[PDB]
Amino acid sequence: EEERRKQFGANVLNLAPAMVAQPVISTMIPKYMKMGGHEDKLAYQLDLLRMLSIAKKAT
Amino acid sequence: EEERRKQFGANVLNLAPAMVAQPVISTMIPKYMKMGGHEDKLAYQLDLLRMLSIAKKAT
Amino acid sequence: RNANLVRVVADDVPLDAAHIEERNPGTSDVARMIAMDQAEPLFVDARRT
Amino acid sequence: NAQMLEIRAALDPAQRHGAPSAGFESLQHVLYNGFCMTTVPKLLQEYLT
Amino acid sequence: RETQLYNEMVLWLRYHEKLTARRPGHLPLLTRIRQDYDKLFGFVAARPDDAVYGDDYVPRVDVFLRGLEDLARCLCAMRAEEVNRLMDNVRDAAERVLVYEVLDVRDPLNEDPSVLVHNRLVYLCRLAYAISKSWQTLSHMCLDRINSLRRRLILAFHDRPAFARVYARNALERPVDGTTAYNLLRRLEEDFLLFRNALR
Amino acid sequence: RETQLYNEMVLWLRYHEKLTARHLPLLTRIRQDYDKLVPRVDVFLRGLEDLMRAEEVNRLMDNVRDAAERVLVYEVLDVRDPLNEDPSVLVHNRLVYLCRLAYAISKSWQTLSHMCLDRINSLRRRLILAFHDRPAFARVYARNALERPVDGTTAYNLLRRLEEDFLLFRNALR
């Protein structure tokens, strides 16, 4: 499962791997593993941050 | 089973018992056991001969 | 609310099929996010005024 | 994203009488997920349509 | 005890979705009102609505009962058991909404094309007043069982502020939704990963 | 081998006879609704298009594709029912589901029957090659039974009269 986590973070999300450091992306990557249509990188990248936007809040 | 072989070869087909000497007449008797209509003693003879005919050929 | 007396299109089809309306705030959704610059569904939250 | 929404609407049934009048779809063309413009943003002019 | 009301949230929605999957769009009743909606206005113009399932259909019956009460007033002339065959099957159809019964109307009245066929819509509109109302009563009871659990799952957001706790409420701070809740249920294996991380 | 492919032709033909002997909750409720609202069904499928969410359609094409290969065990997607209250649009959506399913059953019925005829026809080629094997008396009767393309009642009656062929294969292959 770590090798599949490397594929989204390096090729789909295009980030430096800090994956299990922060737990909210640690939940979202296997959720994207079920997702198809990985050709739109900005689809998953915007969908990931709006979940990261949920993870830190004060309301 | 030699009784049924005696019975069809002797009373129905009306030949002296030389049944196992040639193999083509031997395979006919278990089929003739299963078929009814023993009143017509000539149909069995001609149906068997038709087989004895194909048992040697050059076509 | 009363857009039932009005036919509404974003594509050639009227918008009436309940697939073409989808609402989704605050939950993880790429079907929502592949729809950016796409007209095949139209995304609207609580579609009554 | 700024997906616009063509309206194919008829009129009220008191105007609907006559071969021009009946058999006529009025055409609004509204802008869904859209925002008015006072002036052009100079910095986000690339990601603005 | 949180996964009790989380289960029952799924239970009523799957219990509802199924009823809605199984809606009894009555063809026999619709065929017989549509025949009789055609036939009374032949009488009325001489003087000798649709989706039998619409929420708005219940005041459509309430007007059209009065539309017949205004036409039965102009032709005030009918057996007691006939009124009993009327009302007894109505109350059962309000209790047995799945199976609706048709009655070959007991025919004591005038042989005019009104008073026979008006007597049919004397019964075929009380049946439409039976099926359409009682569907709304059971459905709003199904929606009130779910919206009570909606307050119970606001209290899920009242738990420890995990992210999927906040994801639980952001999928559940809406009133009933045939399409949304059902699709929503399928994408909550995060919540099976939430609550096991919550109360183990 | 030959007794393995003769056991194969017994199995395909009992498969085909069990299949062609063998849907009332399909045909009855389609026909009774068509009167109120299989070549009949396709034109009625053409008629229902003359007379809705995305998912609903995703399940719709899913069960149609699945039950076309799972011919015996057919799923009953009921009806999702997010459509309008009118009796006629839910009825028109539920009946398209039955028209898409029964036409999937019909295509499956044509593919299964044609393949059951094909595989017995392919085995019929091996059995005339069994006639071509060495020289036994029931080998001659093997072809004379089996030089006929695949039919229901005929080859079924022949299977009881191929009690000679098992005494063939003992005497031929031991």
# chains A, B, ... in the order shown; residues from 1 in each chain; ligands from 1

$ calpha_fit_and_write --fixed "chain B" --moving "chain A" --output "compact mmCIF listing (two decimals) with N, CA, C and O atoms, in the first residue's frame"
# COMPACT_ATOMS: atom_id res chain seq x y z
N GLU A 1 -25.45 -62.69 -19.13
CA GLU A 1 -25.55 -62.04 -20.43
C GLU A 1 -25.39 -63.02 -21.58
O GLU A 1 -25.87 -62.75 -22.69
N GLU A 2 -24.71 -64.15 -21.35
CA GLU A 2 -24.58 -65.16 -22.39
C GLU A 2 -25.93 -65.81 -22.68
O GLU A 2 -26.20 -66.20 -23.82
N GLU A 3 -26.77 -65.96 -21.65
CA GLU A 3 -28.05 -66.62 -21.84
C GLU A 3 -29.00 -65.74 -22.64
O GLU A 3 -29.81 -66.25 -23.44
N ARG A 4 -28.94 -64.42 -22.45
CA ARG A 4 -29.72 -63.51 -23.28
C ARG A 4 -29.21 -63.49 -24.71
O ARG A 4 -29.99 -63.32 -25.65
N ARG A 5 -27.89 -63.66 -24.89
CA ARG A 5 -27.31 -63.75 -26.23
C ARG A 5 -27.77 -65.00 -26.96
O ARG A 5 -27.96 -64.97 -28.18
N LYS A 6 -27.99 -66.09 -26.23
CA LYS A 6 -28.53 -67.30 -26.84
C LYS A 6 -29.97 -67.11 -27.30
O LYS A 6 -30.40 -67.79 -28.24
N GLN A 7 -30.72 -66.20 -26.68
CA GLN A 7 -32.12 -66.07 -27.03
C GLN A 7 -32.32 -65.36 -28.37
O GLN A 7 -33.16 -65.77 -29.17
N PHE A 8 -31.55 -64.30 -28.64
CA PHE A 8 -31.66 -63.62 -29.92
C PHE A 8 -31.12 -64.48 -31.06
O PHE A 8 -31.75 -64.58 -32.12
N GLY A 9 -29.96 -65.10 -30.86
CA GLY A 9 -29.34 -65.87 -31.92
C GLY A 9 -30.10 -67.13 -32.28
O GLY A 9 -30.11 -67.54 -33.45
N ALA A 10 -30.75 -67.76 -31.31
CA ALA A 10 -31.45 -69.00 -31.61
C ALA A 10 -32.92 -68.78 -31.92
O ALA A 10 -33.49 -69.50 -32.75
N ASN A 11 -33.57 -67.83 -31.26
CA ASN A 11 -35.01 -67.66 -31.43
C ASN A 11 -35.38 -66.46 -32.28
O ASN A 11 -36.34 -66.55 -33.05
N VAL A 12 -34.63 -65.37 -32.21
CA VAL A 12 -34.91 -64.17 -33.00
C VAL A 12 -34.15 -64.18 -34.31
O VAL A 12 -34.74 -64.06 -35.39
N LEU A 13 -32.83 -64.36 -34.26
CA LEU A 13 -32.05 -64.38 -35.48
C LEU A 13 -32.14 -65.72 -36.19
O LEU A 13 -31.97 -65.77 -37.41
N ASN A 14 -32.40 -66.79 -35.43
CA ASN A 14 -32.54 -68.16 -35.92
C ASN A 14 -31.29 -68.60 -36.68
O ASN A 14 -31.31 -68.83 -37.89
N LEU A 15 -30.19 -68.68 -35.95
CA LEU A 15 -28.90 -69.04 -36.52
C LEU A 15 -28.20 -70.04 -35.62
O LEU A 15 -28.55 -70.21 -34.44
N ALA A 16 -27.20 -70.72 -36.18
CA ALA A 16 -26.29 -71.49 -35.36
C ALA A 16 -25.38 -70.55 -34.58
O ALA A 16 -24.85 -69.59 -35.15
N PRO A 17 -25.16 -70.80 -33.28
CA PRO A 17 -24.45 -69.81 -32.45
C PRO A 17 -22.96 -69.71 -32.75
O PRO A 17 -22.18 -70.62 -32.45
N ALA A 18 -22.58 -68.60 -33.37
CA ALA A 18 -21.19 -68.26 -33.63
C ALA A 18 -20.96 -66.82 -33.20
O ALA A 18 -20.36 -66.01 -33.91
N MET A 19 -21.44 -66.51 -32.00
CA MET A 19 -21.77 -65.15 -31.62
C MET A 19 -20.53 -64.32 -31.31
O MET A 19 -20.28 -63.30 -31.94
N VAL A 20 -19.74 -64.77 -30.33
CA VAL A 20 -18.54 -64.03 -29.95
C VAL A 20 -17.37 -64.35 -30.86
O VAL A 20 -16.27 -63.82 -30.65
N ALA A 21 -17.57 -65.20 -31.87
CA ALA A 21 -16.55 -65.42 -32.89
C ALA A 21 -16.37 -64.17 -33.74
O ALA A 21 -15.25 -63.77 -34.07
N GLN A 22 -17.48 -63.52 -34.10
CA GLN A 22 -17.38 -62.32 -34.90
C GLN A 22 -17.95 -61.14 -34.13
O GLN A 22 -19.07 -61.20 -33.64
N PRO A 23 -17.17 -60.05 -33.99
CA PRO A 23 -17.46 -59.06 -32.94
C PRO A 23 -18.58 -58.10 -33.26
O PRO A 23 -19.10 -57.42 -32.37
N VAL A 24 -18.94 -58.00 -34.53
CA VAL A 24 -19.97 -57.06 -34.92
C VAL A 24 -21.37 -57.54 -34.51
O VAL A 24 -22.18 -56.74 -34.03
N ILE A 25 -21.63 -58.85 -34.56
CA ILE A 25 -22.85 -59.35 -33.93
C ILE A 25 -22.69 -59.36 -32.41
O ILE A 25 -23.68 -59.34 -31.68
N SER A 26 -21.44 -59.32 -31.91
CA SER A 26 -21.22 -59.26 -30.48
C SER A 26 -21.56 -57.89 -29.91
O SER A 26 -21.75 -57.76 -28.70
N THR A 27 -21.61 -56.87 -30.75
CA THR A 27 -22.10 -55.57 -30.31
C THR A 27 -23.60 -55.43 -30.50
O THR A 27 -24.27 -54.81 -29.66
N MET A 28 -24.17 -56.06 -31.53
CA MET A 28 -25.55 -55.79 -31.91
C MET A 28 -26.59 -56.49 -31.05
O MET A 28 -27.72 -56.00 -30.96
N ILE A 29 -26.25 -57.63 -30.44
CA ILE A 29 -27.23 -58.37 -29.64
C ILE A 29 -27.67 -57.63 -28.37
O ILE A 29 -28.88 -57.60 -28.10
N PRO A 30 -26.78 -57.02 -27.56
CA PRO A 30 -27.31 -56.23 -26.43
C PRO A 30 -28.00 -54.96 -26.86
O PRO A 30 -28.78 -54.40 -26.08
N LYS A 31 -27.74 -54.48 -28.08
CA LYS A 31 -28.50 -53.36 -28.60
C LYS A 31 -29.93 -53.77 -28.91
O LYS A 31 -30.85 -52.97 -28.74
N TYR A 32 -30.13 -55.02 -29.33
CA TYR A 32 -31.47 -55.54 -29.57
C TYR A 32 -32.17 -55.94 -28.28
O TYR A 32 -33.40 -56.06 -28.28
N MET A 33 -31.41 -56.18 -27.21
CA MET A 33 -31.98 -56.49 -25.91
C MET A 33 -32.83 -55.34 -25.40
O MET A 33 -33.90 -55.55 -24.82
N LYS A 34 -32.38 -54.11 -25.65
CA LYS A 34 -33.17 -52.94 -25.34
C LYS A 34 -34.36 -52.80 -26.28
O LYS A 34 -35.34 -52.12 -25.95
N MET A 35 -34.30 -53.42 -27.46
CA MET A 35 -35.35 -53.25 -28.45
C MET A 35 -36.54 -54.13 -28.13
O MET A 35 -36.39 -55.30 -27.75
N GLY A 36 -37.73 -53.57 -28.30
CA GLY A 36 -38.96 -54.32 -28.22
C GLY A 36 -39.48 -54.68 -29.61
O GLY A 36 -38.90 -54.34 -30.64
N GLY A 37 -40.60 -55.40 -29.61
CA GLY A 37 -41.19 -55.84 -30.86
C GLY A 37 -40.42 -56.96 -31.51
O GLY A 37 -40.07 -56.87 -32.69
N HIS A 38 -40.14 -58.02 -30.76
CA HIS A 38 -39.38 -59.15 -31.25
C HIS A 38 -40.20 -60.11 -32.10
O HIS A 38 -39.68 -61.16 -32.50
N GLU A 39 -41.46 -59.79 -32.39
CA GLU A 39 -42.30 -60.68 -33.18
C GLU A 39 -41.94 -60.67 -34.65
O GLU A 39 -42.19 -61.66 -35.35
N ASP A 40 -41.36 -59.58 -35.14
CA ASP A 40 -40.93 -59.49 -36.53
C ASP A 40 -39.48 -59.94 -36.57
O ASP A 40 -38.56 -59.18 -36.27
N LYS A 41 -39.28 -61.21 -36.95
CA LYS A 41 -37.93 -61.75 -37.03
C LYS A 41 -37.15 -61.12 -38.17
O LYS A 41 -35.97 -60.80 -38.03
N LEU A 42 -37.82 -60.87 -39.30
CA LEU A 42 -37.16 -60.28 -40.46
C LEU A 42 -36.80 -58.82 -40.26
O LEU A 42 -35.99 -58.29 -41.03
N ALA A 43 -37.41 -58.15 -39.28
CA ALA A 43 -37.01 -56.78 -38.97
C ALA A 43 -35.61 -56.75 -38.38
O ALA A 43 -34.75 -55.99 -38.84
N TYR A 44 -35.35 -57.59 -37.38
CA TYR A 44 -34.03 -57.62 -36.76
C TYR A 44 -33.00 -58.30 -37.64
O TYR A 44 -31.82 -57.93 -37.61
N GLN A 45 -33.42 -59.30 -38.42
CA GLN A 45 -32.48 -60.02 -39.27
C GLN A 45 -31.98 -59.14 -40.42
O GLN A 45 -30.79 -59.16 -40.75
N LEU A 46 -32.87 -58.36 -41.03
CA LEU A 46 -32.41 -57.40 -42.03
C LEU A 46 -31.65 -56.25 -41.39
O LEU A 46 -30.69 -55.74 -41.97
N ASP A 47 -32.05 -55.83 -40.18
CA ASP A 47 -31.31 -54.75 -39.51
C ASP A 47 -29.95 -55.21 -39.07
O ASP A 47 -29.02 -54.40 -38.96
N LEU A 48 -29.79 -56.50 -38.79
CA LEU A 48 -28.49 -56.97 -38.34
C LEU A 48 -27.51 -57.05 -39.50
O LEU A 48 -26.37 -56.59 -39.35
N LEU A 49 -27.95 -57.53 -40.66
CA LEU A 49 -27.02 -57.71 -41.78
C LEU A 49 -26.57 -56.36 -42.33
O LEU A 49 -25.41 -56.21 -42.71
N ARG A 50 -27.47 -55.37 -42.36
CA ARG A 50 -27.06 -54.05 -42.84
C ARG A 50 -26.08 -53.39 -41.87
O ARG A 50 -25.34 -52.49 -42.27
N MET A 51 -26.04 -53.84 -40.61
CA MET A 51 -24.91 -53.49 -39.76
C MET A 51 -23.70 -54.38 -40.05
O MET A 51 -22.56 -53.91 -39.98
N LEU A 52 -23.91 -55.66 -40.37
CA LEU A 52 -22.79 -56.51 -40.80
C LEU A 52 -22.25 -56.07 -42.14
O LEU A 52 -21.07 -56.29 -42.45
N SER A 53 -23.10 -55.46 -42.96
CA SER A 53 -22.69 -54.86 -44.22
C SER A 53 -21.76 -53.68 -43.99
O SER A 53 -20.88 -53.40 -44.81
N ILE A 54 -21.95 -52.99 -42.88
CA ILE A 54 -21.05 -51.92 -42.48
C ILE A 54 -19.70 -52.48 -42.07
O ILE A 54 -18.65 -51.91 -42.38
N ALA A 55 -19.71 -53.64 -41.40
CA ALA A 55 -18.50 -54.14 -40.75
C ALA A 55 -17.44 -54.58 -41.73
O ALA A 55 -16.25 -54.45 -41.43
N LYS A 56 -17.82 -55.09 -42.89
CA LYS A 56 -16.86 -55.39 -43.94
C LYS A 56 -17.13 -54.49 -45.14
O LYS A 56 -18.26 -54.39 -45.62
N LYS A 57 -16.08 -53.81 -45.60
CA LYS A 57 -16.16 -52.81 -46.65
C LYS A 57 -14.74 -52.51 -47.10
O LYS A 57 -13.77 -52.97 -46.49
N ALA A 58 -14.63 -51.75 -48.20
CA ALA A 58 -13.35 -51.25 -48.66
C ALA A 58 -13.40 -49.80 -49.12
O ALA A 58 -12.38 -49.28 -49.59
N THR A 59 -14.55 -49.13 -49.00
CA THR A 59 -14.68 -47.74 -49.42
C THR A 59 -14.18 -46.80 -48.33
O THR A 59 -14.71 -46.74 -47.22

$ residues_around --residues "residue 168 of chain F" --least-positions-apart "3" --cutoff "10 Å" --atoms "only C-alpha atoms" --output "ChimeraX atom specification"
/B:27 /F:3,136-139,141-142,162-165,171-174

$ write_last_selection --atoms "C-alpha atoms" --output "JSON list (two decimals), in the first residue's frame"
[["chain", "number", "residue", "atom", "x", "y", "z"],
["B", 27, "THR", "CA", -22.34, -55.72, -30.32],
["F", 3, "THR", "CA", -13.83, -41.27, -24.05],
["F", 136, "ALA", "CA", -13.78, -51.41, -35.15],
["F", 137, "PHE", "CA", -17.39, -52.37, -35.84],
["F", 138, "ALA", "CA", -18.96, -49.76, -33.59],
["F", 139, "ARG", "CA", -16.60, -47.16, -35.07],
["F", 141, "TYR", "CA", -21.86, -47.22, -36.25],
["F", 142, "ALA", "CA", -20.25, -44.25, -34.46],
["F", 162, "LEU", "CA", -25.08, -45.32, -28.14],
["F", 163, "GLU", "CA", -24.80, -48.04, -25.52],
["F", 164, "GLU", "CA", -22.72, -49.72, -28.22],
["F", 165, "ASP", "CA", -20.16, -46.88, -28.17],
["F", 171, "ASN", "CA", -12.55, -52.59, -26.93],
["F", 172, "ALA", "CA", -10.70, -49.80, -28.76],
["F", 173, "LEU", "CA", -8.73, -47.90, -26.10],
["F", 174, "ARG", "CA", -8.86, -50.13, -22.91]]

$ select_by_dssp --residues "segment 106-179 of chain E" --states "helix (DSSP H, G or I)" --output "PyMOL selection string"
chain E and resi 113-124+126-157+163-170+178-179

$ closest_residue --among "D:28, D:11, D:35, D:6" --to "residue 49 of chain D" --atoms "only C-alpha atoms"
D:35

$ residues_around --residues "residue 9 of chain D" --least-positions-apart "6" --cutoff "7 Å" --atoms "only C-alpha atoms" --output "PyMOL selection string"
(chain C and resi 6-7) or (chain D and resi 25-27)

$ write_last_selection --atoms "C-alpha atoms" --output "short mmCIF file (atom, residue, chain, number, x, y, z; two decimals), in the first residue's frame"
data_model
loop_
_atom_site.label_atom_id
_atom_site.label_comp_id
_atom_site.auth_asym_id
_atom_site.auth_seq_id
_atom_site.Cartn_x
_atom_site.Cartn_y
_atom_site.Cartn_z
CA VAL C 6 -39.09 27.11 -17.92
CA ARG C 7 -36.95 24.77 -20.01
CA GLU D 25 -39.02 30.11 -27.75
CA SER D 26 -37.60 33.17 -26.07
CA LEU D 27 -33.88 32.96 -25.36
#

$ interface_residues --of "chain E" --to "chain C" --cutoff "12 Å" --atoms "only C-alpha atoms" --output "ChimeraX atom specification"
/E:163-175,177-181,183-184,187-188,190

$ interface_residues --of "chain C" --to "chain D" --cutoff "6 Å" --atoms "only C-alpha atoms" --output "PyMOL selection string"
chain C and resi 6-10+36-37

$ closest_residue --among "F:16, F:80, F:1, F:23" --to "residue 22 of chain E" --atoms "only C-alpha atoms"
F:80

$ residues_around --residues "segment 105-114 of chain E" --least-positions-apart "4" --cutoff "10 Å" --atoms "only C-alpha atoms" --output "PDB file with N, CA and C atoms, in the first residue's frame"
ATOM      1  N   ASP E  36     -63.421   7.885 -16.721  1.00  0.00           N
ATOM      2  CA  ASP E  36     -64.546   8.613 -16.166  1.00  0.00           C
ATOM      3  C   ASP E  36     -64.346  10.123 -16.181  1.00  0.00           C
ATOM      4  N   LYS E  39     -65.874  10.950 -19.361  1.00  0.00           N
ATOM      5  CA  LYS E  39     -67.281  10.658 -19.561  1.00  0.00           C
ATOM      6  C   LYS E  39     -68.221  11.630 -18.865  1.00  0.00           C
ATOM      7  N   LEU E  40     -67.820  12.235 -17.742  1.00  0.00           N
ATOM      8  CA  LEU E  40     -68.744  13.131 -17.052  1.00  0.00           C
ATOM      9  C   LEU E  40     -68.917  14.446 -17.795  1.00  0.00           C
ATOM     10  N   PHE E  41     -67.864  14.939 -18.450  1.00  0.00           N
ATOM     11  CA  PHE E  41     -67.980  16.219 -19.133  1.00  0.00           C
ATOM     12  C   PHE E  41     -68.799  16.145 -20.415  1.00  0.00           C
ATOM     13  N   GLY E  42     -69.115  14.948 -20.904  1.00  0.00           N
ATOM     14  CA  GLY E  42     -70.147  14.832 -21.915  1.00  0.00           C
ATOM     15  C   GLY E  42     -71.504  15.228 -21.370  1.00  0.00           C
ATOM     16  N   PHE E  43     -71.815  14.780 -20.156  1.00  0.00           N
ATOM     17  CA  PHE E  43     -73.068  15.158 -19.512  1.00  0.00           C
ATOM     18  C   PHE E  43     -73.078  16.635 -19.135  1.00  0.00           C
ATOM     19  N   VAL E  44     -71.951  17.153 -18.636  1.00  0.00           N
ATOM     20  CA  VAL E  44     -71.941  18.483 -18.025  1.00  0.00           C
ATOM     21  C   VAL E  44     -72.090  19.570 -19.085  1.00  0.00           C
ATOM     22  N   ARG E  47     -75.811  19.533 -19.913  1.00  0.00           N
ATOM     23  CA  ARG E  47     -76.729  19.612 -18.779  1.00  0.00           C
ATOM     24  C   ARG E  47     -78.072  18.905 -18.977  1.00  0.00           C
ATOM     25  N   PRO E  48     -78.086  17.557 -19.147  1.00  0.00           N
ATOM     26  CA  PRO E  48     -79.421  16.960 -18.965  1.00  0.00           C
ATOM     27  C   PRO E  48     -79.770  16.737 -17.491  1.00  0.00           C
ATOM     28  N   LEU E  71     -71.063  19.590  -8.940  1.00  0.00           N
ATOM     29  CA  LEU E  71     -71.869  18.956  -9.976  1.00  0.00           C
ATOM     30  C   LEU E  71     -72.885  17.979  -9.397  1.00  0.00           C
ATOM     31  N   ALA E  72     -72.620  17.426  -8.212  1.00  0.00           N
ATOM     32  CA  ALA E  72     -73.650  16.662  -7.524  1.00  0.00           C
ATOM     33  C   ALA E  72     -74.683  17.568  -6.872  1.00  0.00           C
ATOM     34  N   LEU E  75     -77.281  18.292  -9.526  1.00  0.00           N
ATOM     35  CA  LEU E  75     -78.090  17.126  -9.845  1.00  0.00           C
ATOM     36  C   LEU E  75     -78.375  16.354  -8.558  1.00  0.00           C
ATOM     37  N   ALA E  77     -80.411  14.267  -6.484  1.00  0.00           N
ATOM     38  CA  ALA E  77     -81.555  13.385  -6.592  1.00  0.00           C
ATOM     39  C   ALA E  77     -82.266  13.316  -5.244  1.00  0.00           C
ATOM     40  N   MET E  78     -79.392   6.260  -3.629  1.00  0.00           N
ATOM     41  CA  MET E  78     -77.997   5.918  -3.399  1.00  0.00           C
ATOM     42  C   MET E  78     -77.907   5.149  -2.078  1.00  0.00           C
ATOM     43  N   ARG E  79     -77.475   3.892  -2.160  1.00  0.00           N
ATOM     44  CA  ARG E  79     -77.631   2.930  -1.076  1.00  0.00           C
ATOM     45  C   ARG E  79     -76.681   3.208   0.081  1.00  0.00           C
ATOM     46  N   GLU E  81     -75.225   0.695   1.933  1.00  0.00           N
ATOM     47  CA  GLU E  81     -74.112  -0.234   1.785  1.00  0.00           C
ATOM     48  C   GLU E  81     -73.166   0.209   0.680  1.00  0.00           C
ATOM     49  N   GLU E  82     -73.705   0.865  -0.350  1.00  0.00           N
ATOM     50  CA  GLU E  82     -72.901   1.527  -1.375  1.00  0.00           C
ATOM     51  C   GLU E  82     -71.955   2.548  -0.763  1.00  0.00           C
ATOM     52  N   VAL E  83     -72.466   3.364   0.159  1.00  0.00           N
ATOM     53  CA  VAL E  83     -71.615   4.285   0.899  1.00  0.00           C
ATOM     54  C   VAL E  83     -70.720   3.503   1.864  1.00  0.00           C
ATOM     55  N   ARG E  85     -69.541   0.344   0.991  1.00  0.00           N
ATOM     56  CA  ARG E  85     -68.513  -0.182   0.091  1.00  0.00           C
ATOM     57  C   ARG E  85     -67.525   0.900  -0.305  1.00  0.00           C
ATOM     58  N   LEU E  86     -67.998   2.141  -0.376  1.00  0.00           N
ATOM     59  CA  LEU E  86     -67.121   3.295  -0.515  1.00  0.00           C
ATOM     60  C   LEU E  86     -66.123   3.375   0.633  1.00  0.00           C
ATOM     61  N   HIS E 118     -70.859   9.347 -12.464  1.00  0.00           N
ATOM     62  CA  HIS E 118     -70.514  10.228 -11.352  1.00  0.00           C
ATOM     63  C   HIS E 118     -70.328   9.423 -10.079  1.00  0.00           C
ATOM     64  N   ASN E 119     -71.159   8.392  -9.898  1.00  0.00           N
ATOM     65  CA  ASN E 119     -71.043   7.487  -8.764  1.00  0.00           C
ATOM     66  C   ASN E 119     -69.740   6.706  -8.810  1.00  0.00           C
ATOM     67  N   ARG E 120     -69.192   6.495 -10.005  1.00  0.00           N
ATOM     68  CA  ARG E 120     -67.876   5.874 -10.113  1.00  0.00           C
ATOM     69  C   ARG E 120     -66.806   6.797  -9.548  1.00  0.00           C
ATOM     70  N   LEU E 121     -66.801   8.066  -9.973  1.00  0.00           N
ATOM     71  CA  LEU E 121     -65.903   9.063  -9.395  1.00  0.00           C
ATOM     72  C   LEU E 121     -66.346   9.546  -8.023  1.00  0.00           C
ATOM     73  N   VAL E 122     -67.527   9.143  -7.553  1.00  0.00           N
ATOM     74  CA  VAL E 122     -67.783   9.201  -6.120  1.00  0.00           C
ATOM     75  C   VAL E 122     -66.863   8.225  -5.396  1.00  0.00           C
ATOM     76  N   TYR E 123     -66.571   7.081  -6.011  1.00  0.00           N
ATOM     77  CA  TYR E 123     -65.667   6.132  -5.389  1.00  0.00           C
ATOM     78  C   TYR E 123     -64.237   6.251  -5.883  1.00  0.00           C
ATOM     79  N   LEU E 124     -64.024   6.626  -7.137  1.00  0.00           N
ATOM     80  CA  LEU E 124     -62.671   6.649  -7.667  1.00  0.00           C
ATOM     81  C   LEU E 124     -61.912   7.899  -7.278  1.00  0.00           C
TER      82      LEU E 124
END

$ select_by_dssp --residues "chain C" --states "strand (DSSP E)" --output "ChimeraX atom specification"
/C:7-9,21-22,42-43

$ atom_distance --atom1 "atom CA of residue 157 of chain E" --atom2 "atom CA of residue 1 of chain E"
14.4 Å

$ interface_residues --of "chain E" --to "chain F" --cutoff "8 Å" --atoms "only C-alpha atoms" --output "PyMOL selection string"
chain E and resi 17-18+20-27+30+50-55+178-179

$ write_last_selection --atoms "N, CA and C atoms" --output "compact mmCIF listing (two decimals), in the first residue's frame"
# COMPACT_ATOMS: atom_id res chain seq x y z
N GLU E 17 -35.72 4.04 0.40
CA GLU E 17 -35.28 3.90 -0.98
C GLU E 17 -36.01 2.74 -1.65
N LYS E 18 -36.18 1.65 -0.91
CA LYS E 18 -36.88 0.48 -1.43
C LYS E 18 -38.35 0.74 -1.74
N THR E 20 -39.70 3.63 -2.38
CA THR E 20 -39.64 4.56 -3.50
C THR E 20 -39.22 3.85 -4.80
N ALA E 21 -38.40 2.81 -4.66
CA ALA E 21 -38.01 1.95 -5.79
C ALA E 21 -39.25 1.17 -6.28
N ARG E 22 -40.12 0.89 -5.31
CA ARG E 22 -41.36 0.10 -5.43
C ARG E 22 -42.66 0.89 -5.51
N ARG E 23 -42.60 2.17 -5.87
CA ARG E 23 -43.81 2.98 -5.89
C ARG E 23 -44.90 2.38 -6.75
N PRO E 24 -46.09 2.32 -6.15
CA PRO E 24 -47.24 1.74 -6.81
C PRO E 24 -47.95 2.75 -7.69
N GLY E 25 -47.38 3.03 -8.86
CA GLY E 25 -47.98 3.95 -9.80
C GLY E 25 -49.17 3.22 -10.41
N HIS E 26 -50.31 3.34 -9.75
CA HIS E 26 -51.54 2.66 -10.15
C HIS E 26 -52.08 2.89 -11.56
N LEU E 27 -51.90 1.89 -12.42
CA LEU E 27 -52.45 1.91 -13.77
C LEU E 27 -53.95 1.66 -13.84
N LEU E 30 -55.79 4.76 -12.49
CA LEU E 30 -55.60 5.86 -13.43
C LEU E 30 -56.42 5.63 -14.70
N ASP E 50 -53.60 14.54 -13.33
CA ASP E 50 -52.75 13.55 -13.98
C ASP E 50 -51.97 12.62 -13.05
N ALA E 51 -50.70 12.94 -12.85
CA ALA E 51 -49.83 12.15 -11.99
C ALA E 51 -50.52 11.80 -10.68
N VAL E 52 -51.23 10.68 -10.68
CA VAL E 52 -51.94 10.22 -9.49
C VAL E 52 -51.00 10.08 -8.30
N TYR E 53 -49.76 10.54 -8.47
CA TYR E 53 -48.79 10.44 -7.38
C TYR E 53 -48.27 11.76 -6.82
N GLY E 54 -48.62 12.87 -7.47
CA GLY E 54 -48.14 14.17 -7.06
C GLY E 54 -48.51 14.61 -5.65
N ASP E 55 -47.57 15.28 -4.98
CA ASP E 55 -47.81 15.80 -3.64
C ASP E 55 -48.98 16.74 -3.83
N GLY E 178 -33.69 11.44 -1.84
CA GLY E 178 -33.75 10.13 -2.47
C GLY E 178 -32.44 9.74 -3.12
N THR E 179 -31.92 10.62 -3.96
CA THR E 179 -30.65 10.39 -4.65
C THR E 179 -29.38 10.65 -3.83

$ atom_distance --atom1 "atom CA of residue 12 of chain F" --atom2 "atom CA of residue 140 of chain F"
22.7 Å

$ residues_around --residues "residue 48 of chain C" --least-positions-apart "2" --cutoff "9 Å" --atoms "only C-alpha atoms" --output "list in words"
residues 1, 2, 3, 45 and 46 of chain C

$ decode --residues "segment 14-22 of chain B" --atoms "C-alpha atoms" --output "tab-separated table (two decimals), in the first residue's frame"
chain	number	residue	atom	x	y	z
B	14	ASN	CA	-32.36	-67.91	-36.05
B	15	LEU	CA	-28.71	-68.93	-36.30
B	16	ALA	CA	-26.73	-71.62	-34.53
B	17	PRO	CA	-24.71	-70.07	-31.66
B	18	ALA	CA	-21.48	-68.74	-33.11
B	19	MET	CA	-21.96	-65.31	-31.61
B	20	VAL	CA	-18.59	-64.41	-30.06
B	21	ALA	CA	-16.63	-65.73	-33.05
B	22	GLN	CA	-17.19	-62.54	-34.98
